[PDB]
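K.L.:
Quick one: this structure, given as structure tokens, is what I'll be asking you about.
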Amino acid sequence: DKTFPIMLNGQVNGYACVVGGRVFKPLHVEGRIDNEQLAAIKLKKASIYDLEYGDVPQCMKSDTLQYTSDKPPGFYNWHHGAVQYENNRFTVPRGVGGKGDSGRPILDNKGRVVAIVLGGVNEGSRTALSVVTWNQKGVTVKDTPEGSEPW
Amino acid sequence: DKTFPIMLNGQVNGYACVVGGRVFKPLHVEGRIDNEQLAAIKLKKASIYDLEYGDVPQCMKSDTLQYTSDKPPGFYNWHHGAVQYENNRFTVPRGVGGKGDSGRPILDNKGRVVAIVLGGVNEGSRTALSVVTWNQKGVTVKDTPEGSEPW
Amino acid sequence: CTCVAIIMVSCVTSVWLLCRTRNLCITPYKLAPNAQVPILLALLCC
């Protein structure tokens with residue numbers, strides 16, 4: 001599932017995709033869809049998340065993985081790359097601009113996708129962040145790094 | 001157990017057989033029996049499946065295996081060959097004509113036969129499908145890929 | 001005459017619906033053609 005950007009007046013506001021059907025439609029900020037051809041359809045909302053539900057087409061079958069919540073501190077890739085921290089969010093360093101970076105998923109090294117960003121950049125030299133993922137029971141964990149930098 | 005075809009006006013409508021007695025008599029579509037000699041007998045029905053029960057002769061002893069429901073995503077052979085997917089049905093690719101292909105069993109590589117097709121060809125490039133098998137409790141799992149291509 | 005007629009027709013209608021329901025109740029066990037483990041019901045294969 002390609003990181004279809006959301007062209008917010010020429011931006012890439014959400015470089016979103018569909019992890020097996022349900023698309024990472026972020027009602028978070030904005031953006032003219034990249035796959036507007038595919039994205040000609042409408043979507044749900046997400047109050048707890050400012051997002052939307054894709055439920056991609058049958059033609060759009062075989063979209064992306066939806067790795068489970070099983071995760072230690074491990075380097076899950078992103079546009080900024082990978083980072084490995086679990087208790088605190090992934091051990092990225094301070095120096096990546098989360099604003100705009102919203103839409104980066106947890107590209108765990110096992111081909112695993114289990115999470116995607118929500119904000120909360122950094123105070124120390126490291127950068128743990130806010131995310132959205134599956135919870136301990138696999139619930140739709142909406143991770144909120146306290147004092148979150150927008151996106 | 002040979003895949004005895006069902007000659008639907010010269011077709012092979014069901015290349016059926018008996019997995020240890022009970023024959024894969026598909027009331028699904030049609031076909032003049034291949035082993036009509038053996039198939040001179042009558043059969044039961046199957047409302048939930050459009051099938052029939054063989055209960056093959058004592059002379060017809062040693063027919064075929066009836067492998068249990070224990071199955072991961074594994075390449076079980078067919079007329080079209082083998083395919084390996086479990087959550088979604090076996091990971092065949094789109095490009096096989098399920099219509100007419102009804103009667104292909106789950107020829108698992110361990111000499112295991114636990115399932116047989118029911119329909120539901122493909123939307124994505126892969127082809128998971130509808131089947132009939134043993135359930136989690138071993139119940140007669142009649143697998144129905146939602147939006148099933150006939151056979 | 002009218003009452004005996006109507007009561008007989010009512011009873012026979014009930015009878016056919018009985019048989020319908022009974023064969024419908026039969027229909028489940030057609031799982032067992034798999035020839036596998038028993039599920040402790042009125043009919044027998046010990």
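In the structure tokens, each chain is lettered A, B, ... as it comes, each chain's residues begin at 1, and ligands are numbered from 1 in order of appearance.
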Using only C-alpha atoms, determine which residues of chain C fall within 9 Å of chain B; present them as a list in words.

P.N.:
residues 27, 30, 31, 32, 33, 34, 35, 36 and 37 of chain C

K.L.:
How close does chain B get to chain A? List, as a tab-separated table, each residue of chain B within 10 Å, its nearest atom pair and the distance in Å to one decimal, counting only C-alpha atoms.

P.N.:
residue	atom	partner	partner_atom	distance
B:122	CA	A:58	CA	8.6
B:123	CA	A:59	CA	5.3
B:124	CA	A:61	CA	4.6
B:125	CA	A:62	CA	7.7
B:126	CA	A:62	CA	7.7

K.L.:
Mind checking DSSP for region 14-115 of chain B and telling me the alpha helix (DSSP H) residues as a PyMOL selection string?

P.N.:
chain B and resi 98-101

K.L.:
Near region 67-71 of chain B, within 7 Å and counting only C-alpha atoms, which residues show up once chain neighbours fewer than 6 positions away are dropped, as a ChimeraX atom specification?

P.N.:
/B:112-114,134-136,138

K.L.:
Could you name the residues that touch region 32-40 of chain B at 6 Å or less, counting only C-alpha atoms, but leaving out those on the same chain fewer than 3 positions away, as a list in words?

P.N.:
residues 4, 5, 6, 7 and 8 of chain B

K.L.:
Hey, can you check how far CA of residue 82 (chain A) sits from CA of residue 15 (chain A)?

P.N.:
16.6 Å

K.L.:
To one decimal in Å, tell me the separation between CA of residue 120 (chain B) and CA of residue 145 (chain B).

P.N.:
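Atom-to-atom, CA of residue 120 (chain B) to CA of residue 145 (chain B), that is 5.1 Å.
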
K.L.:
Could you please determine the separation between CA of residue 150 (chain B) and CA of residue 119 (chain B) in Å, to one decimal place?

P.N.:
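Rounded to one decimal, the two atoms are 5.3 Å apart.
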